[PDB]
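One chain follows as structure tokens, the form deposited in one PDB entry.
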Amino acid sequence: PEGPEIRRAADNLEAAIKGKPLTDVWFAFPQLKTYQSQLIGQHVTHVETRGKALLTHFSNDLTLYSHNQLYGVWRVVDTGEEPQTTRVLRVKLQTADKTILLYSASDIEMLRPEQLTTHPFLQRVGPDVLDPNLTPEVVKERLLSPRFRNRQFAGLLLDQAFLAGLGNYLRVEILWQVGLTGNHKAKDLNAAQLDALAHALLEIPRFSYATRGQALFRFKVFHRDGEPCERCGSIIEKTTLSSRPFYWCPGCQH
């Protein structure tokens, strides 16, 4: 689950319990149990996301950090309900009518306000592709900056220090949209291609966020190996790139 999916999840967590006094709080991890009594009667003020990091802010200035990696998932349930699952429960935040449940995630910690800027991941991450104040012009600047202009896209588009929220499907989908393979660097692009890439880096994640949970977002090459490309008809290929699966079209990506 990439930036769009984690922001959809966060939106659902807010709808369920933002502003509501907590009637129960539970953590699986022994080192977090101390916060359970502390948070009962407090409430979630907002659920912030920075890329794939989810920040559950409470009314006493603590913030729960959670990161799902490849396997964590939140569920919203009615209070007291708990559908059968073999996943391991790691967090419960319960209110009078709704409860949110975090399953399977292993990266979970409680932050004091100072840690919102010093935590090792939070300190490293770049601008978020879903932040509406982030513009294609600033992304263009970032691509051309000395720090990133010599980075191959294969790895750059997975690096959260560049843009927060991109993961492997968005890497695949963005590169296909602008006709590029992973072996390029921003310094070698012409102005038209740079502009198209800067726009796609924001527009495809934003489109996924807006409509995957529903013109609607669809994959053009991710998991479509062996199918004809919708643009040129070539058979989409699956290989590995940066130690991750990679999907692309040999007829229209160069």
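Note that residue numbering begins at 1 and tracks the sequence as displayed.
The form deposited in another entry exists for this protein as well; it is not shown, and the discussion that follows is about that form.
Across the conformational change between the shown form and the other one, the residue of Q123, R90, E141, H184 occupying the hinge between rigid parts is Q123.
In summary, the C-alpha positions of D131 and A10 converge in the other form, ending up at least 3 angstroms nearer each other than in this conformation. Relative to this form, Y169 and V47 separate from one another in the other form, with their C-alpha atoms ending up at least 3 Å farther apart.
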